[PDB]
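Report on the structure given below.
Coordinate-derived values only; no laboratory data. Cβ coordinates were reconstructed from backbone atoms using ideal geometry, including for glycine residues, and neighbour counts include every protein chain displayed.
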Amino acid sequence: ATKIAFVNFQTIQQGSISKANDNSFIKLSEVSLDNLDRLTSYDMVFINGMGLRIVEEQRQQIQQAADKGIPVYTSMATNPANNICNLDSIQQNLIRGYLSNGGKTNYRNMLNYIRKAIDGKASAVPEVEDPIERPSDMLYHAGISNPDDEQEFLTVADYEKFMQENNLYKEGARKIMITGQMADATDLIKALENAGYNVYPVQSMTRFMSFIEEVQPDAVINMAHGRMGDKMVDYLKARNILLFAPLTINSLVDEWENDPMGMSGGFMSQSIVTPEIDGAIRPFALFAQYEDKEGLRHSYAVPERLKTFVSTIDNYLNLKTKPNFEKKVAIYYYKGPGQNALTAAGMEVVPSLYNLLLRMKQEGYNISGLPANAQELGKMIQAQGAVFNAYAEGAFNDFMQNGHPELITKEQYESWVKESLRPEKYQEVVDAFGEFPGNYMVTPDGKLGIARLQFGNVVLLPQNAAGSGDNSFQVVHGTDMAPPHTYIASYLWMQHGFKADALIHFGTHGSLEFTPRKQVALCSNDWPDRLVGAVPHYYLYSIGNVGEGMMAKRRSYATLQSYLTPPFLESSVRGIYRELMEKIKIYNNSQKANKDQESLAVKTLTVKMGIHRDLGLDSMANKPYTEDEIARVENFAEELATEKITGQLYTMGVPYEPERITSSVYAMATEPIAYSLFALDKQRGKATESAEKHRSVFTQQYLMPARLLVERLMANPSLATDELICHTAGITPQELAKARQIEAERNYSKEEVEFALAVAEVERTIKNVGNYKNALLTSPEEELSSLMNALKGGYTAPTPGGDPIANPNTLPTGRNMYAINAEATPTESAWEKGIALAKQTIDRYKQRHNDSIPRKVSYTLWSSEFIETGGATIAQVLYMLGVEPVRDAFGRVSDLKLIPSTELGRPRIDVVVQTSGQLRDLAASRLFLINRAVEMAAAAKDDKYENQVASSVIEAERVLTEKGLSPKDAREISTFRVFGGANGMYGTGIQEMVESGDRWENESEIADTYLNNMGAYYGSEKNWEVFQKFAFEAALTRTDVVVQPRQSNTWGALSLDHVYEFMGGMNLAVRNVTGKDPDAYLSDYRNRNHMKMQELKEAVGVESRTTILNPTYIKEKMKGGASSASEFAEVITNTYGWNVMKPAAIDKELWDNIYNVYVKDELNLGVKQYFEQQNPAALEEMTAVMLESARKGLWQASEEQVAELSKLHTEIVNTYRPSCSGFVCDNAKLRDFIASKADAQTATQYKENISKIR
Ligand code: HEM
Ligand code: NA
Ligand code: NA
């Protein structure tokens, strides 16, 4: 008897081989990847190398069987290190021939050949035959009489003659081409022909462009495995057609619907990530598997998914033929509660909406009733398009009688639900909110109201709340959140009542793509899939937020359209700190032995301006600063003078001012030139030590000279010649030639590679200075033209992501963004930068703690910084432990190696990681490497230095045993190190609790909530999303440092609300567990040629002195509208949040400065009149936040300051009516505090105004 073993084989192919077997002396068996030690009892071994993932030990077991004398063959290995074979050349060709071609005839001949040739014991076996060869490029179709038989054709003419004989050809019909081999598409082909199309099935792996050009189809459907190429992208742009890409699941239907992930690892990259670079859309799950009577798997298309897919194809193709005068479009925007303004990331929303409607009217769309100008449009939206909170009963009862909403009856709602949703999922809505219509905006008759504003065939709707205002801040484990009736009825009315032809989301970003449950490859139980339906979907997104835009593409099936960012300018604060710089200049040039009188002069001004608080220095009477302390002051002041700030917000269809065009190009080009020249001088061995220690010297030698060069090239772009490049860099012409040659090979010693990269940065920047100015002027026009083309069924070209300063390749805008492949991270470049940043973290800690190293470091991982840096934050985590990645021949990281203790030169340091929901979708396999590396380092024995990773495991186990856990459980849980949100939610849920000031008393209540909401475990696939009590707490012991990444030039620590939600929350939780406040650092990725670590309190001082206390910044913002005024209230709210999380980072003098500017008008700018005419609701929020800090004790304000704030607050409310946000209309204790500080007559009038809305 002959025994043959199969390893890591696919279920479908393995079953086919076993069926084709007919000899009674051939036995087939399967061996798992953990049973490789049984291979010595077999006569032949087959190994599937397609996507195999093994370790060195597993590889060694296979290698030993080959040297024993066991025949081994590996099929289609992707990693060359796994290619193991010990057969003759003739035998390899024969086995490959049978296997590659396939078919049941080839399979059975293969089994007989093994027993005859390889085994040797001929005995009883029939005659074998040569493998049968199949065409590699052809068109195929199923047999008309016998569908089991398949027809093959070699030319397009042969196929077209076949169709006419069988009456499959329709005159004048549209053509669709199908490519790919991942699944059986017999049902898809037949369903499309019943719809009235001509279908051309093509199976050609290499030369598919020859077939496409002869047919000239109207659409292409690809079952993608990999990327098609750049030749395909050029054809699509020239022909202006679409490309689709459905998905395939290799399991049963029931198994797929119970999996919380869907896809991961290499298979996700081949199916989703890589096709996006070509510009594919609609990653719709269509194919699955089923078992037959005998027990064999087969591939088919799910009948319910097939109906929705064919309907989607019709809708996209009908956009091209339907006249513009009959199309219907729906647009969604995001608005604040009450009387707050419309918001989007760096955009003026209301003027942008008006410009879009004017463009559509010219194109021929049916738009009527449009107001005169954008000011009139804003008033109509407030009157007929507002949203309200749950507690403002008096507010939305008045809207029902003055806003004329859309009324939905019970019969309409139930017919829509029975057609779109599943009975079990709709039952969850009833359990949480009750029967239709609910309680929010309900007429006495029993109907539901929808707020909308319609102009002919175009309707505008606001987006409601996706959750419930239960005011329960702790998440319950095991239950998902369902949207309320109002949220559901809005999207179902669009599909069935309004019958829209297209759907648009206006700005960054909504909340539809963050609803439960599955990550990718959604099913019929997922809300984002059901609420969109079969309607074409378009989404306007900003280029500075690439990380979060991937959720919209992969979960809501959206096509992204990119728009610009606000312009940049200089801070212009150099004149304020000019006197301080002169004192430092004299001190540096003093050659006297005793430089104390000069040192005391510098100290006097530093204390007067309050700078000593930002740098953590002393304010002693007669103690002069040392040499090192003065150097720190000089660098802090020079950083303020060279800071870049954003100006007026961006309006669609309007370019920048001529002055702002000039300054934006200055920001995009000065820095790359200056730092590239600095690197070249350092390598050649020049006197660069002085400039590297002082930033004032660097400005005079590398920054100012580079600014003049940019000025010349802007006026005369024709001077960008090879003579200017060689002379600017100080290199001879022949050296420039070899520099371009190294770039060509990679698209040599380590020194040469570094030299080549610096030269390429200088050359690339100089030759594109003229293009930068032209791209900014023409971008606003291309954004409107690209959107009009999309609404006619055209093609949108792909693009990468990132703000123009970080990545100049993102211009012009109006394109579709994509991401990177996560299986190759951390990259070679990212590994070098991560090592350098990890050494700065240790050095900075030792300076402040007397040469001591930390015991544990904590990290936060975000999606946007992962894509743009290539995984630089993961490199820092691995280097702390002392583990390095291992790469294969194709640059993919799948294994780890331990760094020897002597080479490390220091003790190992333990880590703990928290993640966001967006990151877990992009790179889930990288999280498995991090937790595997922790267990590798904790088992490392015989180290020259101390192993602090092993000490943390012992301490964590002791805590768990004290809490009352089993000895077996305590040992297992003591190694959990990766955590995230509970129930798979995308955030922490802590902003709602912090900003509800009257519902908590101590900070220990907030800490308990944070530990509950972020205590889920995501460190392995087997225990994915498992909650264990006390697991998060035991992992935070002995923590010393908290690290937060930062990569964008558009937001800072005080301007983004997520920063204090994650970084602040971790800081608060550690303080309550260890009893000691840790250090907080920032990883600065903004300058790609110069990365550094910065202290949190120093970064706050820089931002406040340049944005909210800077007269230049304020006057730029006072030229905008309602959206610009809303940013002032957002910064004040984040300052309140930071004071709760980390009290030591916010000084009392910071609150006083804000008071002098916005309550007293110290700078004489007239800020109060600006708010009264643009957005009175933003001024109410600012005064209420400041009064809440005084009540809680966070700010030690005086009686005069409190009286003035209370007087201003009640005056705005009585004149312009309450806005009713959380602070103004839902804080009972704050209401009483304000009333007692004002006049008795004013108090009564103030109280009655609030009661009219509640
Ligand atoms: C009948 C033909 C093929 C089938 C059924 C197939 C199927 C698969 C599957 C199932 C995986 C993932 C394995 C796993 O996740 O365990 C994979 C990975 C992969 N395949 Fe294919 N494939 C085929 C042909 C090809 C070809 C011709 C190429 C040429 C380059 C290719 C390139 C890749 C790559 C790059 C990966 C990623 C592996 C990794 O990242 O570790 N495949 N393939
Ligand atoms: Na957000
Ligand atoms: Na907030």
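Please determine whether any residue of region 1120-1127 is in a helix (DSSP H, G or I), within 16 Å of ligand 2 (Cβ to nearest atom), over 30 Å from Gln847 (Cα atoms) and of a type outside the set (A, V, I, L, M).
yes
Given the residues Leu709, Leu736, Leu703, which is the only one that is in contact with a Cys (Cβ under 9 Å, 6 or more places away or on another chain) and part of a helix (DSSP H, G or I)? First the steps, then the outcome.
Values: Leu709 fails: in contact with a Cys (Cβ under 9 Å, 6 or more places away or on another chain); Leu703 fails: in contact with a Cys (Cβ under 9 Å, 6 or more places away or on another chain).
Only one candidate qualifies: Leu736.
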Seminar exercise, completed: Across (1) closer than 28 Å to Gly97 by Cα; (2) of a type in the set (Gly, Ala, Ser); (3) within 37 Å of the chain's Cα centre (by Cα), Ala142 clears everything bar (3)
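If the requirement is being within 16 Å of ligand 1 (Cβ to nearest atom) and touching a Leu at 6+ places or on another chain (Cβ under 7 Å), which of these qualifies: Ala502, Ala521?
Selected residue: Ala521, the only one of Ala502, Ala521 that is within 16 Å of ligand 1 (Cβ to nearest atom) and touching a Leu at 6+ places or on another chain (Cβ under 7 Å).
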Seminar exercise, completed: Matching residues in region 1056-1067 (surrounded by fewer than 21 Cβ atoms within 10 Å (Cβ to Cβ) and more than 16 Å from ligand 3 (Cβ to nearest atom)) number 0
For this session: Scan region 806-823 for residues that are in contact with an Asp or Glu (Cβ under 8 Å, 6 or more places away or on another chain) and either under 16 Å from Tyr1085 (Cβ atoms) or within 16 Å of ligand 3 (Cβ to nearest atom) (or both) and jot them down.
Result: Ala806, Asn807
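Looking for whichever is over 28 Å from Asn1013 (Cα atoms) and part of a loop (DSSP other than H, G, I, E, B) here; the options are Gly469, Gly438. Which one fits?
On inspection, the qualifying residue turns out to be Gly438.
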Exercise. Does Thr1039 satisfy being in a loop (DSSP other than H, G, I, E, B) and within 16 Å of ligand 2 (Cβ to nearest atom)?
Worked result: no
For this session: For residues that are among the hydroxyl-bearing types (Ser, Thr, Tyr) and farther than 14 Å from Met1118 by Cα, scanning just region 1132-1181, find the one that is nearest to ligand 3 (Cβ to nearest atom).
Result: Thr1133
For this session: Starting from region 499-521, take each residue that is within 16 Å of ligand 2 (Cβ to nearest atom) and list its partners that are among the acidic types (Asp, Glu), counting only C-beta distances under 8 angstrom and pairs at least six apart or across chains.
Result: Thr508/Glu548; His509/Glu548; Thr515/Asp526
Exercise. Wholly within region 196-298, which strands (runs of 3 or more DSSP E) include no fewer than the required count, namely at least 2 residues that are touching a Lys or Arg at 6+ places or on another chain (Cβ under 8 Å)?
Worked result: 198-204, 285-291
Exercise. Looking at this structure, is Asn816 crowded, with 21+ Cβ neighbours inside 10 Å, more than 21 Å from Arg926 (Cβ to Cβ) and either touching a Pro at 6+ places or on another chain (Cβ under 8 Å) or small (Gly, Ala, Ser) (or both)?
Worked result: yes
Problem set entry | Matching residues in region 662-692 - criterion: being touching a helix residue (DSSP H, G or I) at 6+ places or on another chain (Cβ under 7 Å) and more than 26 Å from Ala739 (Cβ to Cβ) | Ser664, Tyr666, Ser690
Exercise. Can you tell me which of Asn1214, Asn1156, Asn1139, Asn1134 is out of contact with any strand residue (DSSP E or B) (no Cβ under 8 Å at 6 or more places or on another chain), within 16 Å of ligand 2 (Cβ to nearest atom) and in a helix (DSSP H, G or I)?
Worked result: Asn1134
For this session: Exactly one condition in (1) within 30 Å of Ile1114 (Cβ to Cβ); (2) β-branched (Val, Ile, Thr); (3) in a helix (DSSP H, G or I) is not met by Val654; state its number.
Result: (3)
Problem set entry | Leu919 under 32 Å from the mean Cα position of the chain (by Cα) and away from ligand 1 (no atom under 16 Å from the Cβ) | yes
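Could you list, in sequence order, the residues of region 840-879 that are in a helix (DSSP H, G or I) and over 30 Å from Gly544 (Cβ atoms)?
Hits for region 840-879 are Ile842, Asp843, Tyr845, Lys846, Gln847, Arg848.
I'm checking my understanding of the structure. Among residues of region 1039-1055 that are polar (S, T, N, Q) and out of contact with any strand residue (DSSP E or B) (no Cβ under 8 Å at 6 or more places or on another chain), which one is nearest to ligand 3 (Cβ to nearest atom)?
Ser1055
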For this session: For region 1080-1099, state whether one or more residues are within 16 Å of ligand 3 (Cβ to nearest atom) and under 26 Å from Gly871 (Cα atoms).
Result: no
